[PDB]
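Peer 1: Protein chains in written order, with the authors' numbering: chain A, 299 to 338, 350 to 716; chain B, 299 to 338, 348 to 718.
Each residue gets a CB set at the ideal place from its N, CA and C atoms; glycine is no exception.
Sharing a structure below in structure tokens format, with a few things to ask.
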Ligand code: HEM
Ligand code: HEM
Ligand SMILES: CNCCCc1cccc(CCc2cc(C)cc(N)n2)c1
Ligand SMILES: CNCCCc1cccc(CCc2cc(C)cc(N)n2)c1
Ligand SMILES: C[C@H](O)[C@H](O)[C@H]1CNc2nc(N)[nH]c(=O)c2N1
Ligand SMILES: C[C@H](O)[C@H](O)[C@H]1CNc2nc(N)[nH]c(=O)c2N1
Ligand SMILES: [Zn+2]
């Protein structure tokens, strides 16, 4: 019940006590582990509020103070009266920073406390949402000196007035199915790219077309907006040794900004809460470029390198994969855009674990997602035992809106 | 209850029902996942249900469930248990058991081969010298001049736990490791503790970088004894690179036969504490783990130096680059010497097919993602995008404590 985790490369052992505060469930049982599965009222709400406020007031060292008791009572009264409640600004920021802190799949959490929270709870329309989002993008981008941020739109009420951003990221490339059978641009976004045109977008049918935003305010029909290009920082991808690289026509965007998640704080559900940080290089180079169900460029790069692609055991895929990722990091760094390599990021995460075990009694972590998708065992997280559990406040998945929207 | 897993690369969905027949625990609860935790004297009381469950599986597989043969066997085993507190498996049962333990090994990517396991019954063995002889025959059979064949040798089962057979070596063939007074290590760092034991027991260590350890063998709960595997029986491969002529000068080699010998085979409640087993290597086991783990041979620096890579900023990905060349060398050398080896692309592709096949014909295939995914180039292999259910079936291979920690010395 007071659990141990061993690093197998360094024999370092940490004792986890924090897992006992785990509220939600994991998908696993004593009979089956689901560690690798992608996605396993008034009386409900007051305990949720209390749990949160208790941890809030404990974090500011006023646990069991008049302030605490008062606030606890204040919210208690509000729930009984309004069937919900509102967070003080301070709680909103605390909650968001902590939802990031508790995200077990996130390798970048060492930065958790330096998050800029933009309070967008006074927003009422989709045009307003657009303004807030452009402001977020411009701030976070910061001319390539990236800064973490989240913009928080109003909380769910009766579930009929939901704020939602339909894009999965604020900035993604469009995906169109060709008559010739293959796919142009990004296959992952084919369906969304449809629903854009299907809602009125005029698609340039190019390879790297920044998709428009599809913003839904107060449960209304969602609207289309084009992010000002001057706000969308992009990086043309070149290799520091292969001059033919450029002619592949590859570029990627600087700002990774997840927008389809649900932020949960003290029982409250913020269904529109786009958040951004900066890329780890492998996210673009390994996953975005080389996944079979994505830009799938391996064969072409390898051809250009004149590699023996006859037998899998020449490791030509591996050889190219490395070069591609050297180029991604190279380009980004050249153009002075923030990026981190998987070696540096994983090392920072280990340090972050140390700190969390030391000052918080633990750090929930999902090994399947923390270990980078290349060179797994030459990064230190590979050899690091991790305990995965769910703490709140949290970010959670939610259904795509098109499947849900009462049109 | 039905359960579905999805492959996110192909959207292929499968349904697991096999997990219902799962007996043992996982280590996970509803509130915690221990999926990346590495390691998460039995009475007649608990034994017969285990025997019956085994015998039931066995007789289903040969299409004789409920037959008189089935019923007599259950009767026979029942009687022998209460009579003698244990029981002996027929040869057919031992074989079925050992294959299935492999078949149920959720961390094993090479399971497509499971039905083709040569089982050597060593249950008549009484001494350590007898153990040495059996193991030598195993090594020679499995090696087959480089054309490797899967085998397991099975020594007598545990009785009162005071008379255990154990192979003290973690693998039948492994390189010695020696801690130097300056704190550096010569040879394989993973094997320092074991090497010291051997030296203590009287082994004369040549003290080089690739010394094949002696076998340290315990029969019938007696003190272990030392034996030197005849060198002519140990196949080794000099490592060279197909393009880098300086690679050979690094002075690297590895052995051809991966043969694990410190695990415990559990069949129908019986416990086989000495059951060395072998197959052939996936290239990354040597190339990524054995050579490039920081706590192993750790040759990344020197390979990268010789490649004259930019070793100043890690964002040069020099580590990744050297890692690939090193793994290219391992595969090239093995194929060149005609010693069976499989690359991680081929191995993972085959496991996916095996896995799908097992869902259709068995109703599931327990698999441990953390261990199935290769330690380099994870996401460009198909297992990365494959959801998997982990659960424990019997028969199974289990960990057991190192015997130097439990042994009662006779002197
Ligand atoms: C600052 C640099 C950051 C880096 C390098 C980073 C990196 C990553 C990576 C590689 C993943 C794996 C998911 C995937 O590969 O698709 C991930 C997941 C995640 N990140 Fe971070 N991230 C950063 C910032 C943030 C911020 C600012 C937030 C929220 C405020 C955040 C929240 C999350 C969450 C909730 C997940 C997992 C979502 C899920 O359950 O799938 N991250 N991150
Ligand atoms: C024939 C070719 C085989 C290949 C390529 C193969 C490959 C592997 C690999 C790479 C691992 C991961 C372990 C590590 O990385 O340290 C593994 C685990 C395992 N293998 Fe196989 N294997 C083969 C045959 C066998 C055989 C013949 C047996 C037993 C009869 C077996 C039983 C196991 C077991 C029980 C584990 C997991 C051990 C644990 O719980 O840590 N494998 N296998
Ligand atoms: C595929 N699983 C769901 C994807 C949703 C998601 C949530 C959080 C992060 C990511 C990866 C994109 C990303 C986002 C952020 C803020 C930083 C980063 N480095 N990378 C995806
Ligand atoms: C401390 N326990 C050491 C043994 C752990 C282990 C069990 C099973 C397989 C392995 C990997 C070595 C191996 C064994 C076999 C039979 C085949 C193979 N490719 N690779 C390690
Ligand atoms: C802590 C972590 O589970 C440990 O390092 C595991 C990770 N996955 C692995 N996978 C394989 N095949 N072999 C290993 O030794 C390990 N080690
Ligand atoms: C099925 C498996 O869970 C799936 O492929 C996961 C594996 N680990 C991952 N890890 C990261 N960082 N990102 C991912 O998208 C995935 N996908
Ligand atoms: Zn689990």
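#1: When you compare the CB positions of residue 696/B and residue 673/B, do they come within less than 8 Å of one another, or not?
#2: Looking at residue 337/A and residue 706/A, is the spacing between their C-beta atoms short of 8 Å?
#3: Which residues of chain A have a Cβ atom closer than 8 Å to the Cβ of residue 477/B, listed in chain order?
#4: Compute the Euclidean distance between the alpha carbons of residue 526/A and residue 393/A, then round it to the nearest angstrom.
#5: Buried or exposed: residue 404/B, going by 16 or more other Cβ atoms within 10 Å of its Cβ?
#6: Would you check if the segment 516 to 523 of chain A and the segment 491 to 507 of chain A touch, i.e. whether three or more CB-CB distances between them fall below 8 Å?
#7: Residues of chain B with CB closer than 8 Å to the CB of residue 676/A, please, in chain order.
#8: Any beta carbon from chain B within less than 8 Å of residue 347/A's own beta carbon?
#9: Provide the residue span of the alpha helix (DSSP H) that contains residue 356/B, from first to last.
#10: Assuming the contact rule is C-beta atoms closer than 8 Å, residue 587/A and residue 648/A should be a hit. Round their C-beta distance to whole Å, please.
#11: Between 485/A, 556/A, 592/A, 547/A, which has its C-alpha nearest residue 566/A's C-alpha?
#12: Does ligand 1 have a heavy atom nearer than 7 Å to the CB of residue 300/B?
#13: How far does the alpha helix (DSSP H) with residue 710/B in it extend, from its first residue to its last?
#14: Verify whether the separation of the beta carbon atoms of residue 568/A and residue 476/A is less than 8 Å.
#15: For residue 602/A, which residues in chain B fall below 7 Å Cβ to Cβ?
#16: Can you give me the C-alpha to C-alpha distance between residue 571/A and residue 584/B, rounded to a whole angstrom?
#17: Can you give the Cα-Cα distance for residue 307/B and residue 624/B, rounded to whole angstroms?
#18: Closer than 8 Å, Cβ to Cβ, to anything on chain A: give me those residues from the segment 613 to 628 of chain B, in chain order.
#19: From residue 712/A to residue 531/A, what distance separates their C-alpha atoms?
#20: Expressed to the nearest angstrom, what Euclidean distance is found between the alpha-carbon atoms of residue 486/A and residue 598/A?
#21: For ligand 7, is there a heavy atom less than 7 Å away from the beta-carbon of residue 333/B?
#22: Between the Cα of residue 676/B and the Cα atoms of 543/B, 416/B, 363/B, which residue gives the shortest distance?
#23: Inspect the beta-carbon positions of residue 365/B and residue 400/B and report whether they are closer than 8 Å.
#24: Along the alpha helix (DSSP H) that carries residue 517/B, what are the first and last residues, could you check?
#25: Please report how far the alpha carbon of residue 680/B lies from the alpha carbon of residue 691/B, in whole angstroms.
#26: With a CB to CB cut of under 6 Å and the five nearest residues on each side skipped, what residues in its chain are close to residue 654/B?
#27: Measure the alpha-carbon distance for residue 457/A versus residue 402/A and round it to whole angstroms.
#28: Relative to the alpha-carbon of residue 317/B, which residue among 410/B, 300/B, 350/B has its alpha-carbon at the smallest distance?
#29: Just to confirm, does residue 383/A get its C-beta within under 7 Å of one of the non-hydrogen atoms of ligand 1?
#30: Nearest-angstrom Cα distance between residue 360/A and residue 427/A?
#31: The alpha helix (DSSP H) that contains residue 405/B, what's its start and end?
#32: Can you tell me which of 464/B, 575/B, 375/B, 603/B puts its alpha carbon nearest to the alpha carbon of residue 493/B?
#33: So, with DSSP's three-state summary, where would you put residue 494/A?
#34: DSSP three-state label for residue 423/A, please.
Peer 2: Short version:
#1: yes
#2: Going by beta carbons, residue 706/A and residue 337/A fall inside the 8 Å limit.
#3: Under the 8 Å cutoff, chain A gives no residues; its nearest Cβ is about 15 Å from residue 477/B.
#4: 19 Å
#5: buried
#6: yes
#7: 333, 334, 677
#8: The model of chain A omits the segment between 338 and 350, and residue 347/A is among the residues lacking coordinates.
#9: 351 to 368
#10: 6 Å
#11: Residue 592/A is the option with its Cα nearest to residue 566/A.
#12: No, the beta carbon of residue 300/B sits no closer than 7 Å to any heavy atom of ligand 1.
#13: 710 to 713
#14: yes
#15: Within chain B, the residues near residue 602/A are 307.
#16: 49 Å
#17: The alpha-carbon atoms of residue 307/B and residue 624/B are separated by roughly 26 Å.
#18: 621, 622, 623, 624, 626, 627, 628
#19: One C-alpha to the other measures close to 13 Å.
#20: When rounded, the distance between both Cα atoms is 18 Å.
#21: Flag set: Cβ of residue 333/B near ligand 7.
#22: Comparing Cα positions, the closest option is 416/B.
#23: yes
#24: No alpha helix (DSSP H) contains residue 517/B, which DSSP labels as neither H nor E.
#25: 6 Å
#26: 416, 589
#27: 13 Å
#28: 300/B
#29: Outside the cutoff, so no.
#30: Their Cα atoms are separated by approximately 24 Å.
#31: 398 to 410
#32: Checking every option, the nearest Cα to that of residue 493/B belongs to 603/B.
#33: strand
#34: DSSP, read as helix, strand or coil, puts residue 423/A in coil.
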